[PDB]
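Novice: experimental coordinates for this protein are included below, preceded by the sequence.
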Amino acid sequence: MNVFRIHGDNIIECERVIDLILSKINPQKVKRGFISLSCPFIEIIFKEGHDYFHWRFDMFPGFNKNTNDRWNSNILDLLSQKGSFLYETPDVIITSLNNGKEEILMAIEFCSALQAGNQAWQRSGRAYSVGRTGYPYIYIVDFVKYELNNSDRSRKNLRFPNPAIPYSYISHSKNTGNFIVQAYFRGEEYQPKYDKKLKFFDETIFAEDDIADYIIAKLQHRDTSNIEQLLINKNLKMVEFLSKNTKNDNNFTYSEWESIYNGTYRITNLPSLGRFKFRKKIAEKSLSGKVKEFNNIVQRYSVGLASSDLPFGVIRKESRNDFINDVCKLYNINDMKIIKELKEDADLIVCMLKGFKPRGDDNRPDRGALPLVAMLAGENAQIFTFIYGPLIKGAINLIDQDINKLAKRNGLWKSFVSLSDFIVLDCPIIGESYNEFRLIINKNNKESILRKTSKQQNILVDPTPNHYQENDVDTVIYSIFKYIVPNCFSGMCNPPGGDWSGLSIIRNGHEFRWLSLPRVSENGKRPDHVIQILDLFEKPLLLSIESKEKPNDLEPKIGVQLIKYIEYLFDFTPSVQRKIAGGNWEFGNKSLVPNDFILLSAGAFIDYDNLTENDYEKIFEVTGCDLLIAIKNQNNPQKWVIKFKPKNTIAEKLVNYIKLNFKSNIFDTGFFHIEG
DNA sequence: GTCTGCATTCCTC
DNA sequence: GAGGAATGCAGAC
Ligand SMILES: [Ca+2]
Ligand SMILES: [Ca+2]
Ligand SMILES: [Ca+2]
């Protein structure tokens, strides 16, 4: 037998890896259960002709945030031991268990989000940091999803990433010798017959089968060079699709990307560099100090890097002296030593970022801007980072005492301090009338950070955490309603730190799905789980569940708000629909009505038998929930004790159905004890 | 209170 | 209208 571990943000992320494996592997025998209270498992027996294989995948939902807050040891430390100095966390880490320790096989990130401008590089930090470790990095992104107007939930123009984003993964792969790739899965809203923007998209770009093949080959310890080349070719084909759809006068053409790809030129020595300039777009509301003046100086000497409006460009060594002179004149820089450092004879990449929102809170997308530059032109390139967003007084005080202290606590400052050779600030200060100008020669500091690795030591995560939280409530709820209770369906599942999944409803042999679910609802709140049961009542049951660590965490009227959220989505035509036999997704045509279903709400939480009959009555009064699911762990022997408390006779019929049908041929129901 | 994970919306060319 | 810039949220530290 071979044992693998799937460390994920939550149970849903872990299960997505299993679903990829299961899509290509047709197992003979499948067993599910728990190895510990927090860790579910899937044990499969499959064959490749005459060759049988026995694998077990132990899932570890919830990564550590500090060092030993959830698990006894952090699996992410194995990445920091190999050079991953950014605390960017992937969605999943797959490990192999050999000689009493774990060994990373790959890191996976799932992104459904709209690739709208800077959202495309928001998570480039994890690709950069994990990519420089030698462990493979796979970025799976849904192509395509539409943006909605929210006023009436109608569709707006499709959003595509800049061609340089998919390309950065290919260039980081070449520079490091590692496998870092962007893979595209067919989204439900990919409807080329209806949208002219997709007329020239090659459907061979989709990588569902190749991602499954790659994972299985890695698990089997086989040569993945061929699969890697197929995946790199699809990433290159996406660069072709995107670059051939943009105006060539301000963006790189496919011929330019191809010449960099085949090794004819490097991105900074392209013979055509300069045909377009770097022209950073700054909103009027973001302007302050001498920022507009600095931007004019950059546009006087810059050459465009990939796109004229990307937040970075190049100042060639031939123009560096004049650019530095102009910056010195603008900001009154007169120190001879500083000027000599700035005038080094090499090409300089200038990156201009706001960095901070009006309240001083850091911009999440900006954390990936320097990693994007480093992935395209190599981390060794000289980077001049200009910041103009508002700083909290505490941040500017740390900049003047120890910039590394600020980088230690904040991820945006960590991105800036790790990859910038020069850090220039022209920032407003919260509580002050005018801007602060700073020029930090960060060259030696950057060099030291690029060679930093944490203590070398083996890691084997103990399957029992420090304590059981909301993620464990979600794992238990997911296991019960998705694997144990029959004729069930998981339309919605949003555990702590989860993706924007969407809601699926099955009715009359069709599956209807709402995508791009907004968090803001006038009368409702998005449920953490929506379970559909069709063989209990004449009308299908939709059970909306909100999970918390404690019963007191259930907000007032949460039960009513969950129902109102479902009613809110029913007021709009589903985004997509498909037949259960056909399987081909189409745009939604017919509307769904709430009275065609029985809507119930439930609150799930951990309680160590501290709730009396009157306490349950008070929770029902506060929340308005139709059902309360009190969960408690028993340590000796390990078991999850479940107590179902119904408010009304409809919920009581559901409870009796769960009790009678708490039996499975796949899931080990022996790990649970249902009190009632 | 702030982390950093998750996003959709705003604004300039 | 194209496409980056700019904005906020949440559970557990
Ligand atoms: Ca995540
Ligand atoms: Ca994700
Ligand atoms: Ca929740």
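Specialist: Alright, I've got the coordinates. Numbers count the residues shown, from 1 in each chain, chains lettered A, B, ... in the order given. Ligands and ions are numbered 1, 2, ... in the order given.
Novice: pick out the residue of chain A closest to ligand 3.
Specialist: residue A:528 (3.7 Å; CB to the ion). For the C-beta atoms, the positions are set from N, CA and C on the backbone; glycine is no exception.
Novice: isn't that residue up against residue A:546?
Specialist: Yes - at 5.3 Å, residue A:528 counts as touching residue A:546 under the criterion of CB atoms under 8 Å.
Novice: returning to what we had before: which non-adjacent residue is nearest the residue of chain A closest to ligand 3?
Specialist: Counting by CB to CB, 6 or more residues apart in numbering, residue A:528 lies nearest to residue A:547, which is 4.8 Å off, once chain neighbours are set aside.
Novice: residues in contact with that neighbour?
Specialist: Contacts here follow CB atoms under 8 Å, 6 or more residues apart in numbering; on that basis residue A:547 touches A:470, A:473, A:474, A:477, A:495, A:528, A:529, A:603, A:604, A:605.
Novice: so what pairs up with it in the strands?
Specialist: Taking DSSP bridges as the rule, residue A:547 bridges to residue A:604.
Novice: burial measure for residue A:376, as a count.
Specialist: When neighbours are counted by other CB atoms under 10 Å, residue A:376 registers 26.
Novice: same check, this time on residue A:200
Specialist: By the criterion of other CB under 10 Å, residue A:200 has 11 neighbours.
Novice: repeat for residue A:398
Specialist: 20.
Novice: from residue A:653, how far out is residue A:153?
Specialist: Counting by CB to CB, to the nearest Å, the gap between residue A:153 and residue A:653 amounts to 34 Å.
Novice: residue A:535 now?
Specialist: 12 Å.
Novice: check residue A:29 too.
Specialist: Residue A:29 is 35 Å from residue A:653, where distance means CB to CB.
Novice: of these two, which one has the most company?
Specialist: The neighbour count for residue A:29 versus residue A:653, taken as other CB under 10 Å, is higher for residue A:653 (15 against 10).
Novice: list the contacts of that one.
Specialist: Each residue near residue A:653 by CB under 8 Å, 6+ apart is listed here: A:536, A:537.
Novice: now the helix or strand hosting it: buried residues?
Specialist: Residue A:653 is part of helix A:649-660 when elements are defined by DSSP states H and E. For helix A:649-660, a neighbour-count test (16 or more other CB atoms under 10 Å) marks A:650, A:651, A:654, A:655, A:657, A:658 as buried.
Novice: so the first one touches residue A:602, yeah?
Specialist: To tie it back to what came earlier, the one meant is residue A:650. No - when contacts are counted by CB under 8 Å, residue A:650 is not listed as touching residue A:602 (11.9 Å).
Novice: quick check: neighbours shared by those two?
Specialist: Going by CB under 8 Å, 6+ apart, residues that sit against residue A:650 and also against residue A:602 are residue A:626.
Novice: find the closest residue to ligand 2 in the stretch 351-500 of chain A.
Specialist: residue A:499 (4.7 Å).
Novice: from the chain's centroid, how far away is stretch A:546-559?
Specialist: For stretch A:546-559, the separation from the chain centroid amounts to 26 Å (computed by CA atoms, centre = their mean, to the nearest Å).
Novice: how about that stretch, does it reach DNA strand B?
Specialist: No - under the criterion of CB under 7 Å from any atom of the strand, DNA strand B is not reached by stretch A:546-559; the shortest gap measures 13.3 Å.
Novice: just stretch A:371-391 next, same as before
Specialist: No - using CB under 7 Å from any atom of the strand, stretch A:371-391 stays clear of DNA strand B, with a minimum separation of 11.1 Å.
Novice: what is the end-to-end distance of that stretch?
Specialist: 22 Å (CA to CA, to the nearest Å).
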